[PDB]
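Scroll down for the structure; my scribbles are underneath it.
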Amino acid sequence: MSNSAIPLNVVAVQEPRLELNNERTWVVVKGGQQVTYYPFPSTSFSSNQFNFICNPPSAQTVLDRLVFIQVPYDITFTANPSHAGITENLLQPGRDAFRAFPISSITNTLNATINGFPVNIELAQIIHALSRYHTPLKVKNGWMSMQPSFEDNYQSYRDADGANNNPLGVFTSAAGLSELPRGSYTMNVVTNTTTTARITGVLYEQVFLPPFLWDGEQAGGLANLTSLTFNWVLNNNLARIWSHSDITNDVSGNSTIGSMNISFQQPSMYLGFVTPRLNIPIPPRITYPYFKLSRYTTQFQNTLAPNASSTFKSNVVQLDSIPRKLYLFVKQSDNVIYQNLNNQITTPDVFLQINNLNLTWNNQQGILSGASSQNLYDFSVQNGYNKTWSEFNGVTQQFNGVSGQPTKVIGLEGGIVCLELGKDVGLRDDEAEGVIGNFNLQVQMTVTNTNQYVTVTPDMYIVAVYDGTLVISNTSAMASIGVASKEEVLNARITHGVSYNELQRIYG
Amino acid sequence: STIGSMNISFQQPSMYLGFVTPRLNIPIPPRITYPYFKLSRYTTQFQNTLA
């Protein structure tokens with residue numbers, strides 16, 4: 001051991017097949033008696049709102065963190081003339097589904113108030129890019145499975161047919177022990193003929209936003225609150241829930257569906273409340289981790305396609321405090337796909353392919369500026385990305401065997417960079433991962449539309465998550481942001497117990 | 001719209017002030033202090049639309 005250079009320290013370890021001794025301590029697991037579940041049916045449901053005001057039973061009972069709602073719903077489709085006709089059922093075996101996750105992207109915003117100081121998030125634009133980012137297969141087959149859950153991986157729906165991974169097919173045709181497509185999801189079909197379809201069922205969507213958690217891994221739920229209450233609002237259009245394929249819409253048209261309408265019934269939330277036992281007392285006041293994520297967004301006028309490139313920058317913003325990490329992507333814009341609804345039902349979620357990204361932290365200018373688009377995909381996947389290289393940088397050749405038909409190129413749906421803000425952006429001496437303040441940000445990024453048809457005006461999105469303390473003591477909910485002092489950040493002694501990998505484990 | 005487009009001129013604008021002079025008997029202090037408020041507007045425009 002003390003053979004080489006600077007000598008080391010010796011330790012020995014027993015192989016797994018044999019200890020055979022070590023100190024084996026019997027461990028009685030105990031948690032409070034009486035864990036019970038309630039179904040709080042929403043008071044004051046509407047067509048543009050849902051409001052669930054529910055009160056904790058005792059205020060001495062901890063409230064478990066996973067929460068979800070269920071909405072019974074009803075849609076009627078009908079055929080437009082022309083395109084007409086028309087001779088196939090208005091709903092098609094392989095060309096039709098819910099968008100994922102349905103009752104989510106449809107909702108404009110969600111805000112739950114605890115204790116009650118409100119913590120709210122933006123669910124329409126935030127989520128579709130938040131989904132890719134932290135889930136392993138283990139998770140996407142667990143909790144995440146209650147709502148349609150298969151993300152759009154073709155640049156255009158029309159192309160997909162008929163692949164083995166067409167994002168909206170029947171259950172049969174997803175290989176054993178894997179994530180099914182979104183035409184897997186169960187619901188009654190009361191009618192289905194040409195000129196008319198009409199469907200019914202019930203969809204379970206879990207709530208996102210902290211401190212309610214959509215990871216499987218759990219942590220001590222919020223006690224000792226005195227009243228909590230959720231509040232959705234859905235943006236007007238509501239044709240966004242459904243999905244479709246161009247492959248059937250063909251003509252000078254136009255298409256088969258336009259138009260159709262939805263209807264909800266009594267939704268209800270599902271809360272859960274353990275009780276701790278009279279032996280072990282939980283503290284009068286108690287502190288929780290708390291994250292806020294809020295998106296900043298430019299819109300441009302320039303129109304680029306069907307596969308031509310260009311460059312863009314986004315108006316400066318001044319963060320109050322360093323986000324713990326931020327995401328950046330260029331998605332196809334909102335101003336379109338909110339007109340003449342056929343567009344709403346037949347445009348996938350996917351983002352444009354990135355060529356390079358240079359950004360500026362406070363005053364720096366040109367950060368990362370010389371890192372290859374390949375070299376952007378290295379992190380994450382180190383912050384947990386989860387899509388093969390070919391998916392990022394989305395493009396894929398796939399050629400045809402005859403004389404003479406030119407090979408066909410498909411967009412494979414683009415990428416979204418996430419850069420953890422101290423992990424690989426670097427911060428001036430004596431500046432933590434979240435201290436006030438305040439530093440400009442500006443993202444200058446060149447992009448390319450890889451979707452074969454058609455042109456698209458884009459927008460840029462940048463979603464930054466901040467890390468604040470939140471102390472819920474009944475019945476106040478103070479929430480200090482930028483918790484560490486600038487003097488405390490120098491000479492805060494390092495530890496060798498905690499592993500950094502265990503901190504990136506706690507989402508987030 | 002019918003209206004487009006007009007042209008506006010001005011002439012010779014004049015201000016009016018009122019100057020009092022206090023009684024010779026009663027004296028005014030050589031150094032006075034008034035309250036003074038200062039207004040200043042900060043603006044951030046974001047370029048998104050909603051309708």
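Starting from 1 in every chain, residues are counted up; chains themselves are A, B, ... following the order of the structure tokens, and ligands are numbered from 1 as listed.
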
Give me, as CSV, the closest atom pair and its distance (Å, one decimal) for every residue of chain B within a cut-off of 8 Å of chain A, counting only C-alpha atoms, rows sorted by chain and rising number.
residue,atom,partner,partner_atom,distance
B:46,CA,A:298,CA,7.9
B:47,CA,A:298,CA,6.4
B:48,CA,A:299,CA,6.8

Hey, can you spit out that residue selection with N, CA and C atoms as a CSV table (one decimal), in the first residue's frame?
chain,number,residue,atom,x,y,z
B,46,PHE,N,-42.2,43.6,-22.2
B,46,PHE,CA,-41.9,42.2,-22.7
B,46,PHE,C,-42.7,42.2,-24.0
B,47,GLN,N,-42.2,41.5,-24.9
B,47,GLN,CA,-42.7,41.7,-26.3
B,47,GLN,C,-43.8,40.6,-26.7
B,48,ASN,N,-44.5,40.1,-25.7
B,48,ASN,CA,-45.5,39.0,-26.0
B,48,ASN,C,-46.8,39.7,-26.2

Find the residues around residue A:464 up to 9 Å (only C-alpha atoms counted), leave out those fewer than 4 positions away in its own chain, and share them as a PDB file with N, CA and C atoms, in the first residue's frame.
ATOM      1  N   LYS A 292     -39.262  27.438  -7.553  1.00  0.00           N
ATOM      2  CA  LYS A 292     -40.162  28.181  -8.428  1.00  0.00           C
ATOM      3  C   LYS A 292     -39.592  28.249  -9.841  1.00  0.00           C
ATOM      4  N   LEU A 293     -40.401  27.935 -10.850  1.00  0.00           N
ATOM      5  CA  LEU A 293     -39.918  28.000 -12.220  1.00  0.00           C
ATOM      6  C   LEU A 293     -40.815  28.856 -13.089  1.00  0.00           C
ATOM      7  N   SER A 294     -40.204  29.832 -13.772  1.00  0.00           N
ATOM      8  CA  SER A 294     -40.920  30.913 -14.481  1.00  0.00           C
ATOM      9  C   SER A 294     -40.286  31.290 -15.831  1.00  0.00           C
ATOM     10  N   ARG A 295     -41.040  31.136 -16.915  1.00  0.00           N
ATOM     11  CA  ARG A 295     -40.442  31.185 -18.247  1.00  0.00           C
ATOM     12  C   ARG A 295     -40.424  32.571 -18.929  1.00  0.00           C
ATOM     13  N   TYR A 296     -39.316  32.888 -19.602  1.00  0.00           N
ATOM     14  CA  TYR A 296     -39.131  34.149 -20.313  1.00  0.00           C
ATOM     15  C   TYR A 296     -39.076  33.835 -21.776  1.00  0.00           C
ATOM     16  N   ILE A 322     -29.382  33.890  -8.752  1.00  0.00           N
ATOM     17  CA  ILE A 322     -28.933  32.855  -9.680  1.00  0.00           C
ATOM     18  C   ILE A 322     -29.939  31.729  -9.627  1.00  0.00           C
ATOM     19  N   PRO A 323     -30.527  31.354 -10.770  1.00  0.00           N
ATOM     20  CA  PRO A 323     -31.347  30.153 -10.683  1.00  0.00           C
ATOM     21  C   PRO A 323     -30.411  28.992 -10.384  1.00  0.00           C
ATOM     22  N   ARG A 324     -30.919  27.898  -9.821  1.00  0.00           N
ATOM     23  CA  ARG A 324     -30.045  26.773  -9.535  1.00  0.00           C
ATOM     24  C   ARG A 324     -29.657  26.132 -10.845  1.00  0.00           C
ATOM     25  N   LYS A 325     -30.498  26.305 -11.871  1.00  0.00           N
ATOM     26  CA  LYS A 325     -30.237  25.823 -13.244  1.00  0.00           C
ATOM     27  C   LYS A 325     -31.308  26.294 -14.222  1.00  0.00           C
ATOM     28  N   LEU A 326     -30.952  26.533 -15.486  1.00  0.00           N
ATOM     29  CA  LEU A 326     -31.961  26.946 -16.479  1.00  0.00           C
ATOM     30  C   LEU A 326     -31.963  26.168 -17.814  1.00  0.00           C
ATOM     31  N   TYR A 327     -33.138  26.066 -18.448  1.00  0.00           N
ATOM     32  CA  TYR A 327     -33.349  25.328 -19.706  1.00  0.00           C
ATOM     33  C   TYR A 327     -33.540  26.322 -20.824  1.00  0.00           C
ATOM     34  N   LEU A 328     -33.115  25.988 -22.041  1.00  0.00           N
ATOM     35  CA  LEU A 328     -33.297  26.892 -23.181  1.00  0.00           C
ATOM     36  C   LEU A 328     -33.636  26.107 -24.416  1.00  0.00           C
TER      37      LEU A 328
END

For residue A:193, list every protein, DNA or RNA residue within 10 Å, evaluated using only C-alpha atoms, and leave out those in the same chain fewer than 4 positions away; present the list as a short mmCIF file (atom, residue, chain, number, x, y, z; two decimals) with N, CA, C and O atoms, in the first residue's frame.
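Below is the file result.cif, written as the result:
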data_model
loop_
_atom_site.label_atom_id
_atom_site.label_comp_id
_atom_site.auth_asym_id
_atom_site.auth_seq_id
_atom_site.Cartn_x
_atom_site.Cartn_y
_atom_site.Cartn_z
N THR A 78 -67.25 15.84 -35.68
CA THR A 78 -68.15 15.94 -36.85
C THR A 78 -67.37 16.36 -38.10
O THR A 78 -66.45 17.16 -38.01
N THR A 87 -65.06 8.67 -47.11
CA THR A 87 -65.55 7.34 -46.76
C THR A 87 -64.58 6.51 -45.92
O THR A 87 -64.03 5.51 -46.37
N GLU A 88 -64.42 6.94 -44.68
CA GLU A 88 -63.77 6.17 -43.63
C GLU A 88 -64.32 6.71 -42.32
O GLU A 88 -64.82 7.82 -42.27
N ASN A 89 -64.22 5.93 -41.25
CA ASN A 89 -64.73 6.41 -39.98
C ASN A 89 -63.93 7.63 -39.54
O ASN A 89 -62.75 7.74 -39.82
N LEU A 90 -64.61 8.55 -38.89
CA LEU A 90 -64.04 9.84 -38.55
C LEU A 90 -62.90 9.66 -37.55
O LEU A 90 -62.10 10.57 -37.34
N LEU A 91 -62.82 8.47 -36.95
CA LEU A 91 -61.70 8.09 -36.08
C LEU A 91 -60.94 6.90 -36.65
O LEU A 91 -61.54 5.89 -37.00
N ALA A 197 -68.24 10.96 -34.77
CA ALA A 197 -67.77 10.10 -33.68
C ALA A 197 -68.14 10.76 -32.35
O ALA A 197 -68.44 11.96 -32.32
N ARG A 198 -68.14 9.98 -31.27
CA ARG A 198 -68.46 10.51 -29.94
C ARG A 198 -67.92 9.62 -28.82
O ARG A 198 -68.35 8.47 -28.68
#

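Going from atom CA of residue A:203 to atom CA of residue A:346 covers 21.3 Å.
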
(Q) Could you go through stretch 161-370 of chain A and tell me which residues DSSP, when run on the backbone, assigns to strand (DSSP E), listing them as JSON, numbers by chain? (A) {"A": [188, 189, 190, 191, 192, 193, 196, 197, 198, 199, 200, 201, 202, 203, 204, 205, 206, 228, 229, 230, 231, 232, 233, 234, 242, 243, 268, 269, 270, 271, 272, 273, 285, 286, 287, 288, 289, 290, 291, 292, 293, 294, 295, 296, 297, 298, 299, 309, 310, 311, 312, 317, 318, 319, 320, 321, 325, 326, 327, 328, 329, 330, 331, 332, 353, 354, 355, 356, 357, 358, 359, 360]}

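Excluding residue A:230 itself and same-chain residues fewer than 2 positions from it, the residues having an atom within 8 Å of it are residues 51, 52, 53, 110, 111, 112, 113, 228 and 232 of chain A, counting only C-alpha atoms.
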
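Across the structure, atom CA of residue A:174 and atom CA of residue A:100 are spaced 17.0 Å apart.
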
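The space separating atom CA of residue A:182 from atom CA of residue A:148 comes to 5.5 Å.
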
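With distances taken over only C-alpha atoms, A:237 is the one residue among A:13, A:140, A:35, A:237 lying closest to residue A:48.
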